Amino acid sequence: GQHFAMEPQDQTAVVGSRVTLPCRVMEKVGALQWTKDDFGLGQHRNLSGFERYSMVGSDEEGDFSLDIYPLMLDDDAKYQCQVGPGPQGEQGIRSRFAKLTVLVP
């Protein structure tokens, strides 16, 4: 079944930098999406309106990491990697929540 090969971890970073929240999925059947404070960022890598977020990894590798750049204070939140159910009855999955902390020097 579909499952995480890698899940995001708590991170602390400095404003202005790039951050990568890791998410790798094996045997992905459902549609994938990140939540930020439980707000859905978009499925199928389509993050319209979030000009500083992207998901440039490849499907083959199951790379669905979230990149953020440049980091801003508003990005200080809790993030989760989500995969919806498959068309064949495959259940969806949810990664641990990762707390992204933003510092200012």
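We number the residues from 1 along the sequence you see.
- Taking the PDB entry as given, 84 to 92 carries the higher mean Cα B factor of the two stretches 84 to 92 and 15 to 23.
- The mean C-alpha temperature factor is higher for 55 to 63 when 55 to 63 and 28 to 36 are set side by side.
- Per the deposited coordinates, the residue with the largest Cα temperature factor out of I68, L47, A77, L73 is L47.
- For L103, the recorded CA B-factor ranks within the middle third of the chain. Only modelled residues enter the ranking.
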